[PDB]
């Protein structure tokens, strides 16, 4: 069709091209003439044709886990913002923690020739680390690890341990000594690592959380419901709960309510993520905030780098979590003795 444009215009397609991408000087007269064509002809320059030549699609892929999840969801909208303002196109893909599903999108992606690869897989088994590294050729960053798992990728790191530690600390310094925890999947950084940070702060205070007081969640409100229920539903119960993430928290909240307990009056609860509307939880949720936005833009940024600046060596950037005091927490029994 570029051939058609050049013809109504009586100029080479070579010309037509040039004006369309201001890649060389063209007489005004001519320049206009081209547009004239472009417009009546109702011309849309084929990006694939062009991609085929110039060798780059100007499009990138999000090999994510799932997008409905609050946490996720926000991280994405960010990444998207950055793609846009920097001309990039977004290819969203959810593997649902499914190897086959991953090997698939991974491939679809390579074939579709995405310029770089954004990776958010949550769990990362050897089997996955492997597939991932057969595409080391395509530039990519994994935006969800705690430490730098491989050498063939860039990494953004959240310090979800210092976060877990802040979480504990707060409770500790609030009067609390009988604490419970519902962590996320241990096969996940935001899961395991958060917990760990929490437990250190605890050992440091010689608080010993009883195993009957620690219940695994899956980051989904239902898991939160069940956990909290399991906790409060027992002879002896803590006065404070640390919840692996805000939506589970939102779950934990409900159940405590359905069991007629008061938050934070009867049970204090602190979560983690600082999700968009945790402030409208009831009560307004006190949590640890994860800089999802920065996390996103910081990821785009590294990728872009490797991309244009053709960087080879790996990189890793740390991002930092911070306490947000809302109102789901209250002074514990030992506050006055400190």
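Residue numbers count along the first chain shown, from 1.
Residue-level annotation: residue 265 has coordinates in all of the other entries compared, counting only those that model residues on either side of it, so it never reaches the one-third mark.
Coverage remark for residue 187: absent from the model in at least one third of the other entries compared whose chains are built on both sides. Stretch comparison (243-251 versus 143-151) by mean CA B-factor in the PDB entry places 143-151 on top.
When the two stretches 252-260 and 125-133 are set side by side, the higher mean Cα temperature factor goes to 125-133. Among 59, 67, 30, 277, the highest C-alpha B-factor recorded in the PDB entry belongs to 30. Of the candidates 54, 288, 49, 299, the one whose C-alpha carries the top B factor in the deposited record is 54. Residue 213: CA B factor in the highest third of modelled residues in this chain (values from the PDB entry). Residue-level temperature factors show residue 9 in the highest third of its chain, judged at the C-alpha atom. For residue 22, the recorded CA temperature factor ranks within the middle third of the chain's modelled residues. The PDB entry assigns residue 204 a C-alpha temperature factor belonging to the middle third of its chain's modelled residues. Looking at the C-alpha B-factors along this chain, the one for residue 229 belongs to the middle third.
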